[PDB]
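Participant: I have a structure here, written as structure tokens, and I will follow up with some questions on it.
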Amino acid sequence: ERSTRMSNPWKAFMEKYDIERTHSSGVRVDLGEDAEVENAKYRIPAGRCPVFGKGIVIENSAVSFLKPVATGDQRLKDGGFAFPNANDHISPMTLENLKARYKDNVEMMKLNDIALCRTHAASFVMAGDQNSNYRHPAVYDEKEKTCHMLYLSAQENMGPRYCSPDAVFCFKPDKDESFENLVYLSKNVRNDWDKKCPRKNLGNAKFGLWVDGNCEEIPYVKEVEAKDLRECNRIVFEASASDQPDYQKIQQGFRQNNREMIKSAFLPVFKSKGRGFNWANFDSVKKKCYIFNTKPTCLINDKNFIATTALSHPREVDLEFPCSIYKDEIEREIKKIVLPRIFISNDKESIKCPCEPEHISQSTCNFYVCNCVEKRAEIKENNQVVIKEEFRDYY
Amino acid sequence: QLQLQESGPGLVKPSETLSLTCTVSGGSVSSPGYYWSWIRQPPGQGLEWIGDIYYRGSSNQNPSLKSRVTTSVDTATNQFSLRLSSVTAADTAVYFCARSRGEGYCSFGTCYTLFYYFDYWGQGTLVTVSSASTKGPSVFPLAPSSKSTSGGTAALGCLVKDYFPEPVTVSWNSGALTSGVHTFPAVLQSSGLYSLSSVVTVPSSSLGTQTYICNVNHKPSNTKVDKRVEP
Amino acid sequence: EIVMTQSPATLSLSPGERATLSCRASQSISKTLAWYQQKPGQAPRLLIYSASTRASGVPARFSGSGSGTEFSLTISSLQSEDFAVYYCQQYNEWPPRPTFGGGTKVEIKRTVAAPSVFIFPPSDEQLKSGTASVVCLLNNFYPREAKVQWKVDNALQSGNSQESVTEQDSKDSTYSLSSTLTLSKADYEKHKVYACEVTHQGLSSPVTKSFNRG
């Protein structure tokens with residue numbers, strides 16, 4: 001008969017979209033770790049996943065934020081956020097030179113390109129902080145195969161009244177089209193981000209909540225117009241988890257090339273820890289972007305939908321829904337007449353409805369769902385999947 | 001308002017230890033990103049970095065002088081110092097103290113420099129390695145006259161004679177008179193003493209309208225002489 | 001060590017012209033290179049760091065470029081106040097082991113200018129002591145090469161005179177020269193006429209300023 005144990009065949013698959021647990025820091029603004037350097041206090045990015053397509057837009061400036069910081073006799077707006085390019089061994093470095101530099105390190109040579117750039121950037125200690133937690137974030141350019149170290153950690157200065165409606169340094173994180181190939185990397189990004197973190201958007205799929213043997217719609221979502229996946233991915237990046245809290249003195253520090261003043265600029269001396277509107281379902285037909293702040297725990301198979309996260313690439317789409325996930329797991333749980341608590345499959349007979357299974361019209365896998373069964377869990381408010389009262393004590 | 005001041009110029013006997021102090025004003029020697037270093041320049045020659053000191057207490061040195069160099073920093077008095085032992089005539093030089101913008105980055109057992117340049121310098125102090133003792137100069141007027149008149153310009157000056165070692169400071173009217181002033185490099189005489197002239201040209205129609213005091217300071221002997229130059 | 005070589009040793013140009021100064025590294029140093037300007041009797045002054053970053057407050061006519069082993073400093077329009085020795089300085093290794101180039105002297109070309117000659121008899125204070133010094137001043141001439149000849153009683157002197165020359169002036173780019181004829185008190189009162197004869201390109205004929213004791 002039916003198992004009484006609950007089972008989610010999506011648990012492993014869905015781990016990388018649990019941004020609170022896998023990333024654990026701000027997405028739009030990442031300033032989740034504190035660091036002291038020579039008795040000054042800094043905030044620095046700490047998320048463990050990369051952010052594909054993120055850069056810093058400097059308003060009223062055509063200069064790319066990957067240009068080195070502007071010090072000396074130039075204005076702040078003439079430069080960007082990157083390390084001054086004075087030393088070929090520090091920043092920036094091409095993949096080819098990264099590979100040569102660490103050719104004799106076996107572990108380094110096992111890293112993928114992105115993790116190699118992160119490890120190079122994050123491994124640098126400043127000669128005067130050898131005991132400090134401060135390590136610089138990096139931007140890896142996948143098109144140019146180039147690793148840029150960021151000299152300062154600030155990501156947003158849009159607040160001060162001087163940033164409200166031209167000759168002042170105002171900037172914000174964004175997924176500008178110029179940034180499409182860029183990867184934003186804190187010091188903590190996992191070397192196995194490809195297995196553990198979001199990257200590609202999920203085609204023929206929308207995020208759902210697993211409720212006792214079937215993937216269900218997220219009831220509380222916010223609808224936003226979006227012309228395409230890119231716009232939906234940008235919208236949810238603007239709404240995602242954020243850690244964000246005299247200009248003339250700041251400009252004097254840059255002119256004077258003052259390390260403390262530059263690196264602490266635009267940071268006021270809290271932490272999202274990954275919580276926010278991090279996920280979105282994109283209706284490709286109705287041109288709608290449905291963002292939500294609840295961790296998803298499964299995917300619904302829908303040919304009209306693409307599932308995106310704030311961390312995901314702006315446009316890469318993996319189209320192959322895992323159609324065998326239910327059938328494989330039902331066979332896996334049979335090894336434990338004990339039939340698992342899974343009421344969806346592409347094999348009709350593998351479920352054994354007390355009635356006739358219903359085909360999902362937008363299922364590319366031709367999934368059938370058994371809705372004529374006792375359900376032992378439900379969705380409370382704020383998208384909270386809770387065990388029903390009749391079984392709460394029993395579980 | 002950052003300014004650096006080396007201690008005064010003077011003599012050091014051969015084989016003895018040269019000792020210098022730099023006094024920082026308008027800023028603190030406890031300033032992350034900045035090291036305080038000594039750079040020297042033998043007469044008529046180029047620049048040689050000697051070494052530095054950091055406010056935490058660490059110090060880099062020119063590897064070819066390391067055994068003879070000691071630097072130190074006084075965070076309470078905002079000064080840093082240099083000790084160069086066993087000096088020879090090769091150490092006769094102008095010694096500058098200077099603020100150095102310093103920043104290095106290390107990974108996998110190797111460090112790489114991002115910044116090590118000198119953005120603010122003192123005035124320099126001439127150190128002469130010699131066995132001779134000091135002698136202050138005599139100051140004679142170079143009086144203006146017809147022999148000192150050519151066109152609409154007249155010339156007068158001061159002869160600073162028979163002193164050792166270099167340098168001498170010559171100002172006119174305590175620094176108020178700078179236009180038309182020429183202070184010439186000193187020459188070394190057969191006696192081993194230096195001699196210098198400082199002259200000022202004024203319009204000859206204004207000779208008797210202003211008074212001209214040359215102020216001569218020879219710090220190695222603490223000779224301070226003011227000499228009126230009369231027609 | 002890393003050796004920095006600067007070229008040319010001296011540079012002579014006219015105001016408004018473009019000056020390019022060369023600095024080569026014996027060994028590739030990326031862009032960890034600074035430039036300095038040293039005026040006579042003054043400390044060096046930072047112009048450029050990171051090979052091309054102009055320091056705060058430096059006029060825009062100064063700029064630097066280059067990487068690896070080849071570097072340049074450019075003064076896009078030379079001013080008469082730009083007369084100085086210019087030094088490059090590498091700082092590639094850490095712990096710091098900086099070295100400087102040998103310097104390039106930038107002199108300003110200008111038109112020929114004849115010296116104004118003045119002669120100073122010995123002061124009566126000096127004559128109280130046993131020595132008499134006669135001073136001959138040549139101020140505001142160009143070019144630098146000049147010759148003074150001391151003639152005591154139409155007899156040319158030698159070995160009893162010394163001279164020195166100022167560096168180029170910041171405004172008019174001229175030089176001044178001072179020469180001292182030093183005799184004993186006894187030798188000085190034996191003769192009467194004391195003259196310095198000056199030869200210079202701007203002098204049509206040698207000019208001679210002179211005096212007689214009394």
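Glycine gets a Cβ as well: all are built from the backbone with ideal geometry, and neighbour counts include every protein chain shown. What is reported rests on the model, the rules as stated and the sources as named; none is laboratory data.
Participant: Show the residue pairs that are 6+ apart or on different chains and have beta-carbon atoms under 7 Å apart, the first residue being within segment B:178-193 and in the same structural domain as B:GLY157 (by TED's automatic domain parsing), the second being β-branched (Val, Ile, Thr).
Facilitator: B:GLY180/B:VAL200; B:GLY180/B:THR201; B:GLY180/B:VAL202; B:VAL181/B:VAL200; B:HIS182/B:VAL199; B:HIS182/C:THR166; B:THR183/B:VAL170; B:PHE184/C:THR166
Participant: Test C:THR104 against the criterion of being among the hydroxyl-bearing types (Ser, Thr, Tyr), closer than 20 Å to C:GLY16 by Cα and buried (at least 20 other Cβ atoms within 10 Å of the Cβ), and give yes or no.
Facilitator: Working: among the hydroxyl-bearing types (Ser, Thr, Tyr): yes; closer than 20 Å to C:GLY16 by Cα: yes; buried (at least 20 other Cβ atoms within 10 Å of the Cβ): yes.
Yes: the conditions hold for C:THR104.
Participant: Now for a separate question. Looking at segment A:177-208 only, could you name the residues that are under 19 Å from A:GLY32 (Cα atoms), among the small types (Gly, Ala, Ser) and assigned to a helix (DSSP H, G or I)?
Facilitator: Passing the criteria: none in range.
Participant: Report, ordered by the first and then the second residue, all pairs with beta carbons closer than 6 Å, sequence separation of six or more or different chains, a first member in segment B:70-98 that is within 14 Å of another protein chain (Cβ to nearest Cβ), and a second member that is assigned to a loop (DSSP other than H, G, I, E, B) and polar (S, T, N, Q).
Facilitator: B:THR71/B:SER59; B:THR75/B:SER30
Participant: All but one of (1) within 14 Å of another protein chain (Cβ to nearest Cβ); (2) under 20 Å from B:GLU103 (Cα atoms); (3) not in a loop (DSSP other than H, G, I, E, B) hold for A:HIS148; state the number of the condition that does not hold.
Facilitator: Here A:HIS148 clears every test but (1).
Participant: Given (1) out of contact with any strand residue (DSSP E or B) (no Cβ under 7 Å at 6 or more places or on another chain); (2) buried (at least 19 other Cβ atoms within 10 Å of the Cβ); (3) within 14 Å of chain B (Cβ to nearest Cβ), identify the lone condition not met by A:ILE250.
Facilitator: Of the numbered conditions (1) out of contact with any strand residue (DSSP E or B) (no Cβ under 7 Å at 6 or more places or on another chain); (2) buried (at least 19 other Cβ atoms within 10 Å of the Cβ); (3) within 14 Å of chain B (Cβ to nearest Cβ), the odd one out for A:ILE250 is (3).
Participant: Would you confirm, using the coordinates I've provided, whether A:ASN8 is part of a loop (DSSP other than H, G, I, E, B) and exposed (fewer than 15 other Cβ atoms within 10 Å of the Cβ)? Explain how you work it out, then say what you get.
Facilitator: Working: part of a loop (DSSP other than H, G, I, E, B): yes; exposed (fewer than 15 other Cβ atoms within 10 Å of the Cβ): no.
No, not satisfied.
Participant: In segment A:77-95, what residues are within 12 Å of another protein chain (Cβ to nearest Cβ) and not in a loop (DSSP other than H, G, I, E, B)?
Facilitator: A:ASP78, A:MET93
Participant: Among the residues of segment C:184-197, is any part of a loop (DSSP other than H, G, I, E, B), more than 26 Å from C:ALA84 (Cβ to Cβ) and among the hydrophobic types (A, V, I, L, M, F, W, C)?
Facilitator: Narrowing segment C:184-197 to residues part of a loop (DSSP other than H, G, I, E, B): C:191-192.
Pick out the ones that are also more than 26 Å from C:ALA84 (Cβ to Cβ) and you get C:191-192.
Filter once more, so that each one left must be among the hydrophobic types (A, V, I, L, M, F, W, C): none.
Within segment C:184-197, not a single residue is part of a loop (DSSP other than H, G, I, E, B), more than 26 Å from C:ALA84 (Cβ to Cβ) and among the hydrophobic types (A, V, I, L, M, F, W, C).
Participant: So, in segment C:59-97, how many residues would count as being among the hydroxyl-bearing types (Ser, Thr, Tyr), within 14 Å of chain B (Cβ to nearest Cβ) and in a loop (DSSP other than H, G, I, E, B)? Write out each step before concluding.
Facilitator: Narrowing segment C:59-97 to residues among the hydroxyl-bearing types (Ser, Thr, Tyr): C:63, C:65, C:67, C:69, C:72, C:74, C:76-77, C:80, C:86-87, C:91.
Pick out the ones that are also within 14 Å of chain B (Cβ to nearest Cβ) and you get C:86-87, C:91.
Keeping just the survivors that are in a loop (DSSP other than H, G, I, E, B) gives C:91.
Within segment C:59-97, residues that are among the hydroxyl-bearing types (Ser, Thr, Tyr), within 14 Å of chain B (Cβ to nearest Cβ) and in a loop (DSSP other than H, G, I, E, B) number 1.
Participant: Here is a list: A:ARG101, A:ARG118, A:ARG135. Which entry is within 13 Å of another protein chain (Cβ to nearest Cβ), surrounded by 15 or more Cβ atoms within 10 Å (Cβ to Cβ), under 21 Å from C:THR32 (Cβ atoms) and not hydrophobic (A, V, I, L, M, F, W, C)? Walk me through how you get there before you give the answer.
Facilitator: Numbers: A:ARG118 fails: under 21 Å from C:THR32 (Cβ atoms); A:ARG135 fails: under 21 Å from C:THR32 (Cβ atoms).
That would be A:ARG101, the only listed residue that is within 13 Å of another protein chain (Cβ to nearest Cβ), surrounded by 15 or more Cβ atoms within 10 Å (Cβ to Cβ), under 21 Å from C:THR32 (Cβ atoms) and not hydrophobic (A, V, I, L, M, F, W, C).
Participant: Now, a different point. Look at segment B:124-144 and say how many of its residues are more than 7 Å from every other protein chain (Cβ to nearest Cβ) and on the phi > 0 side of the Ramachandran plot.
Facilitator: 0
Participant: Criterion first (within 14 Å of chain B (Cβ to nearest Cβ), within 19 Å of A:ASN157 (Cα to Cα) and either in contact with an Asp or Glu (Cβ under 8 Å, 6 or more places away or on another chain) or assigned to a helix (DSSP H, G or I) (or both)) does A:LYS41 satisfy it?
Facilitator: On the way: within 14 Å of chain B (Cβ to nearest Cβ): yes; within 19 Å of A:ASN157 (Cα to Cα): yes; either in contact with an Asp or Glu (Cβ under 8 Å, 6 or more places away or on another chain) or assigned to a helix (DSSP H, G or I) (or both): yes.
It is true that A:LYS41 is within 14 Å of chain B (Cβ to nearest Cβ), within 19 Å of A:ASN157 (Cα to Cα) and either in contact with an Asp or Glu (Cβ under 8 Å, 6 or more places away or on another chain) or assigned to a helix (DSSP H, G or I) (or both).
Participant: Something else: Run B:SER131 past the list (1) in contact with a helix residue (DSSP H, G or I) (Cβ under 9 Å, 6 or more places away or on another chain); (2) over 25 Å from B:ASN215 (Cα atoms) and report the number of the one that doesn't hold.
Facilitator: Condition not satisfied by B:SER131: (1).
Participant: Filter segment B:76-119 down to residues that are in a strand (DSSP E or B), within 20 Å of B:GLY46 (Cβ to Cβ) and of a type outside the set (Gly, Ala, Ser), then give me how many there are. I'd like the intermediate steps shown before the answer.
Facilitator: Filtering segment B:76-119 for residues in a strand (DSSP E or B) gives B:79-84, B:93-107, B:110-119.
Checking which are within 20 Å of B:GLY46 (Cβ to Cβ) leaves us with B:82, B:84, B:93-98, B:100, B:116-119.
Those left that are additionally of a type outside the set (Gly, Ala, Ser): B:82, B:84, B:94-97, B:116-119.
Residues that pass the stated criteria total 10.
Participant: Could you look through segment B:1-32, keep only residues that are of a type in the set (A, V, I, L, M, F, W, C) and in a loop (DSSP other than H, G, I, E, B), and pick out the one that is farthest from B:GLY57 (Cα to Cα)? Walk me through how you get there before you give the answer.
Facilitator: Taking segment B:1-32 first, the residues of a type in the set (A, V, I, L, M, F, W, C) are B:2, B:4, B:11-12, B:18, B:20, B:22, B:24, B:29.
From the residues that got through so far, the ones that are in a loop (DSSP other than H, G, I, E, B) too are B:2, B:29.
Values: B:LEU2: 21, B:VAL29: 11 Å.
Per the stated criteria, the residue is B:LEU2.
Participant: What number of residues within segment B:196-215 satisfy the criterion of being part of a strand (DSSP E or B), of a type outside the set (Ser, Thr, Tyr) and either at positive phi or within 14 Å of chain C (Cβ to nearest Cβ) (or both)? Steps first, please.
Facilitator: Step one: filter segment B:196-215 for residues part of a strand (DSSP E or B), giving B:196-203, B:213-215.
Next cut, of a type outside the set (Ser, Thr, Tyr) only: B:196, B:199-200, B:202-203, B:213-215.
From what's left, either at positive phi or within 14 Å of chain C (Cβ to nearest Cβ) (or both): B:196, B:199-200, B:202-203, B:214.
Residues flagged as part of a strand (DSSP E or B), of a type outside the set (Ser, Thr, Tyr) and either at positive phi or within 14 Å of chain C (Cβ to nearest Cβ) (or both) within segment B:196-215 amount to 6.
Participant: Right, another one. Residue by residue through segment A:128-146, note down the ones that are more than 23 Å from A:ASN257 (Cβ to Cβ) and either in contact with a helix residue (DSSP H, G or I) (Cβ under 6 Å, 6 or more places away or on another chain) or not assigned by TED's automatic domain parsing to the domain that holds A:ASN257 (or both).
Facilitator: To start, the set of residues in segment A:128-146 that are more than 23 Å from A:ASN257 (Cβ to Cβ) comprises A:131, A:133, A:140-146.
Of everything in segment A:128-146, those that are more than 23 Å from A:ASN257 (Cβ to Cβ) and either in contact with a helix residue (DSSP H, G or I) (Cβ under 6 Å, 6 or more places away or on another chain) or not assigned by TED's automatic domain parsing to the domain that holds A:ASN257 (or both) turn out to be A:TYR140, A:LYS145.
Participant: Being within 12 Å of another protein chain (Cβ to nearest Cβ) and part of a loop (DSSP other than H, G, I, E, B) is the filter; apply it to segment B:145-165 and report the residue that is nearest to C:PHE211 (Cα to Cα). Before you say what the answer is, go through the steps one by one.
Facilitator: In the first step, residues of segment B:145-165 are kept if they are within 12 Å of another protein chain (Cβ to nearest Cβ); the result is B:145-162.
Applying the additional criterion that residues be part of a loop (DSSP other than H, G, I, E, B) yields B:145, B:151-152.
Numbers: B:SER145: 11, B:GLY151: 18, B:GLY152: 20 Å.
Checked segment B:145-165; the qualifying residue nearest to C:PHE211 (Cα to Cα) is B:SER145.
Participant: Could you say whether any residue in segment C:43-58 is at the interface with chain B (Cβ under 10 Å from one of its Cβ atoms) and surrounded by fewer than 16 Cβ atoms within 10 Å (Cβ to Cβ)?
Facilitator: Checked segment C:43-58: no residue is at the interface with chain B (Cβ under 10 Å from one of its Cβ atoms) and surrounded by fewer than 16 Cβ atoms within 10 Å (Cβ to Cβ).
Participant: Quick check on this structure: which one of B:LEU177, B:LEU188 is more than 10 Å from every other protein chain (Cβ to nearest Cβ) and either out of contact with any helix residue (DSSP H, G or I) (no Cβ under 9 Å at 6 or more places or on another chain) or β-branched (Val, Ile, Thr) (or both)?
Facilitator: Details: B:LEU188 fails: more than 10 Å from every other protein chain (Cβ to nearest Cβ).
Answer to the check: B:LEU177.
Participant: Hey, another quick one. Select from segment A:263-272 the residues that are among the hydrophobic types (A, V, I, L, M, F, W, C) and either surrounded by 21 or more Cβ atoms within 10 Å (Cβ to Cβ) or assigned to a strand (DSSP E or B) (or both) and list them in ascending order.
Facilitator: Taking segment A:263-272 first, the residues among the hydrophobic types (A, V, I, L, M, F, W, C) are A:265-267, A:269-270.
Across segment A:263-272, the qualifying residue is only A:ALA265.
Participant: Is there any pair linking a residue in segment A:229-245 that is at negative phi to one that is among the hydroxyl-bearing types (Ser, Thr, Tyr) and buried (at least 24 other Cβ atoms within 10 Å of the Cβ), with Cβ under 6 Å and at least six apart or on different chains, and which?
Facilitator: If the second residue must be among the hydroxyl-bearing types (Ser, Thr, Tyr) and buried (at least 24 other Cβ atoms within 10 Å of the Cβ), the pairs left are A:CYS232/A:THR308; A:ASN233/A:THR308; A:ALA241/A:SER272; A:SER242/A:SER272; A:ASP243/A:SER272.
Participant: Only residues that are touching a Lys or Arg at 6+ places or on another chain (Cβ under 9 Å) and either of a type in the set (A, V, I, L, M, F, W, C) or not assigned by TED's automatic domain parsing to the domain that holds A:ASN301 (or both): list them for segment A:216-237, please.
Facilitator: A:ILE218, A:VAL224, A:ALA226, A:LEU229, A:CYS232, A:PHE237
Participant: When you scan segment A:273-392 for strands (runs of 3 or more DSSP E) that lie fully inside it, which ones turn up with 2 or more residues that are under 26 Å from A:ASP194 (Cα atoms)? Can you show your working first?
Facilitator: On the way: elements: A:279-283, A:288-292, A:298-309, A:377-379, A:385-387.
Per the criteria, A:279-283, A:288-292, A:298-309.
Participant: Output the number of residues of segment C:102-143 satisfying the condition of being away from chain B (no Cβ under 11 Å) and not hydroxyl-bearing (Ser, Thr, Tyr).
Facilitator: Selection size over segment C:102-143: 11.
Participant: Show the residue pairs meeting these rules: Cβ distance below 6 Å; 6+ apart or different chains; first residue within segment A:284-304 and among the small types (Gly, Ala, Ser); second residue surrounded by fewer than 17 Cβ atoms within 10 Å (Cβ to Cβ).
Facilitator: A:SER284/A:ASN304
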